[PDB]
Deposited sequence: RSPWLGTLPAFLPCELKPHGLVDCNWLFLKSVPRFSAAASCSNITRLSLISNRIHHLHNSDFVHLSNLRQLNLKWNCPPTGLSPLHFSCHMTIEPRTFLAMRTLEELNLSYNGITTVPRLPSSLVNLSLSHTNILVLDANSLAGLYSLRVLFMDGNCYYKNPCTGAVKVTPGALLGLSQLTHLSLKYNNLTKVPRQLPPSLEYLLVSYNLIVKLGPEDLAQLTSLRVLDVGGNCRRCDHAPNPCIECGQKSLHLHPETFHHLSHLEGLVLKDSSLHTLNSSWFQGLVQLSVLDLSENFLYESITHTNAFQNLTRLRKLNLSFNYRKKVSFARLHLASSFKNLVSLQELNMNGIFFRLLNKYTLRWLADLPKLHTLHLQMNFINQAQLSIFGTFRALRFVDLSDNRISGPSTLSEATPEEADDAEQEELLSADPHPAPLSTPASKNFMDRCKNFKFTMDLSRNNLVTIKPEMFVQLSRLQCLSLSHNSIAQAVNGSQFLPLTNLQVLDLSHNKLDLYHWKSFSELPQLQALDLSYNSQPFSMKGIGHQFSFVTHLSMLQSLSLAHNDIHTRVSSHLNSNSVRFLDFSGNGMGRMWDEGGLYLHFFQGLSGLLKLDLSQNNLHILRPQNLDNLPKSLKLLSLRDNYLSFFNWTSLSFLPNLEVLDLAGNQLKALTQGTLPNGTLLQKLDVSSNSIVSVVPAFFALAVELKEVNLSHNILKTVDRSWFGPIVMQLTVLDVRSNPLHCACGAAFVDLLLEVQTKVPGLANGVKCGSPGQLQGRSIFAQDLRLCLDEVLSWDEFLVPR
């Protein structure tokens, strides 16, 4: 009757969630059917032979973050010999972020193991005894600046050969000077990044002929302008032996990032015939990518990262061979100019769909080039310094992001040959301009336009009229004696979504917003309280938006909401958000003025009670959110008439109980009833317990998150800390 696994939550697939519960011991709670137990981030510092005896059938166990090394502000975990042996079908185990110095004894059933961020500094053949079914082993971060050790962690030669089935090995951030010797040949991937492996040769990868991904990056770093502690490389560059990767016939992925690579050598990729991913970021290949020939035979290369390579830029002719290339990252390279030659050799690549060009300080750009490519779907030029022509965004659609640039004026010529663009972002520029229908002529196909965080003045009624396919327009956070603000809206014939959120609404703001197409309007963070206080002037401000379905009036300083104003909102309205206003009183029967309303959000107001009316017949209301108010009481039968009521959020209020007289029969059709963060009074007779237990599947966090506000020793603790059914 009480949920079975207090103080934890039962979740469907045999999962018992005991996360973040301040537990100091493994809970005891039949348990013969639980197969998964998560105990993430509790306070368990000691583990004992008998601690898992009741969970003999566990397959998955997460003990992450129970006894962190430092860490935080220092913990050592003790584990008895037979602790995990009681679970002889245990398949997965996470011991990461625990102060253990040796790996515990484990059952041979184990398949996945994490020992990351512990204090295990030695792995020998004894450490992993009998893990012959192990496929996954992670142990990162046991000897770096956040989890320091003296010297390095040692993996002895052949220590892991017993792991006959090991496909996955990660040993990052462990101060390794060399790749461990005689690693299991079954390895399909090996991560040894961010150690001190300054030298690499075919010897170091001897017999790893089953590798699909190898990460040897960050082993020779340059620590100039490194935010966190960095160990500067002893040499000019990662020393790479030409034949190192030659035998890696199945290598699909290779990352050589942050290796201080000054040149590329085609030898490296010679034997890599299924190489689909290559990461070359954070090196010094600026000149190299401008001239090299290494790319000439990488014909299966799908993804390529060239980001943050330091010293007129032109991608080398070798790029023309990358006919499988789908994605190219060129962030943070820094080139002043983007021209017709800069990216020339990418133009005929059959399936190049994504191009990252962030943070390059580009101040002159012939964007026209992006109309010549074969299948560009996304070009990110955000955070550059583009100021003009050359001399809702999802869209996940030919898309271009020009946000955080230097546009002050938009000129139609900057968009020549970009006529195929369906999504554009000019957000976070400094565009102060009278928009008037003469800015985006070539953008004939533009459906989504983000002009947020700019300084547009929108008095002109011809605004955006040259965008015939415009469906979604974001004018959020816009800062403005002729024309009228927002007058253009009615003339945008296919506009479905519009945001005018957090704007500067001045005297001659159009008293009417009109449309036949707008279905969603975000009018958040404006002054609708101040506007509706000006009498009849704005009484019908939204009425002209025919077919309007969703309206957001959050953060509009609404202190009152008269029936006049609700009645003159479009009768089509299905969703209305009044979140974070100052509503103290509200006749709930006034909701009958919103016939088709289904979702109502009134959170962050000061409705001290649900007392003033009832949910009217025969409303179609489905979701009511009245959280973070100050509700201290509700009238019986309040929710009774809302036939279609499914979700109601009463959380973060001041309810001393939750009574069934409120809902009646509809309490059993409720999919969600959220009553957390109410100061419930947990006397020994309290009736709310049996009620919540009746709809327990439908109240989130009931097991431990629904807590008492009184009496004093129960203050801040769950309604199940003591059994309240006793009295």
item: Missing C-alpha runs, given along the deposited sequence, first residue counted as 1; value: 1-6, 36-39, 84-87, 326-331, 412-446, 452-453, 538-542, 790-803
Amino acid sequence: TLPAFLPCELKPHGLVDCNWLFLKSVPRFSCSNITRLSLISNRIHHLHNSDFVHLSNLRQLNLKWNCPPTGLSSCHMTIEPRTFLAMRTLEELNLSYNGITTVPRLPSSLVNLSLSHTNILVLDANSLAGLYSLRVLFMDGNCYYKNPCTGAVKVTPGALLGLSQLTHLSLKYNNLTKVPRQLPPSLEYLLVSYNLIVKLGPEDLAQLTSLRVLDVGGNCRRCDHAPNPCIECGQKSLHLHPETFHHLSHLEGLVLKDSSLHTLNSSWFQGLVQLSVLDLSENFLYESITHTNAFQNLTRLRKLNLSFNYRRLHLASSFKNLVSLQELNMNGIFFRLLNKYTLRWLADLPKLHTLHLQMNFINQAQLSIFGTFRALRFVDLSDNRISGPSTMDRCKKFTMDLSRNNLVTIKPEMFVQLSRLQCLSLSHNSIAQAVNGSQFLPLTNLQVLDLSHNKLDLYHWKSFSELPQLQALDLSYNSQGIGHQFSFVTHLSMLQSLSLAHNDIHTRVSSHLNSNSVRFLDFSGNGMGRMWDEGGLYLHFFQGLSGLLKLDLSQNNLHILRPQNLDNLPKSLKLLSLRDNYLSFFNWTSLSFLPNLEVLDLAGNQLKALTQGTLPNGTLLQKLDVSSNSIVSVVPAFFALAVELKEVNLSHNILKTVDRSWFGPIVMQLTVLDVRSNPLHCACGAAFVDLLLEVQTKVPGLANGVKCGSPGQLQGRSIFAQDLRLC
From here on, numbers count along this sequence of modelled residues.
item: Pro12 dropped from a third or more of the other entries of this protein; value: yes
item: Unresolved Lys462 in a third or more of other entries flanked by modelled residues; value: no
item: Higher-B stretch (mean Cα B-factor, as the entry records it), 228-236 or 549-557; value: 228-236
item: Higher-scoring stretch by recorded Cα B factor average, 714-722 or 15-23; value: 714-722
item: Given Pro570, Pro442, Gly613, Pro107, the residue at which the Cα B factor reaches its maximum; value: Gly613
item: Selection from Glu243, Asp450, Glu188, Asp601 [criterion: highest C-alpha temperature factor in the record]; value: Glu243
item: Third of the chain's Cα B-factor distribution that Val658 belongs to, per the entry; value: highest
item: Ranked against its chain, the third holding the CA B-factor of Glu647; value: middle
item: Record-listed C-alpha B factor of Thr35: chain third; value: middle
item: Ranked C-alpha temperature factor of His356 among modelled chain residues, by third; value: lowest
item: Cα B factor band for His681 (lowest, middle or highest third within the chain); value: highest
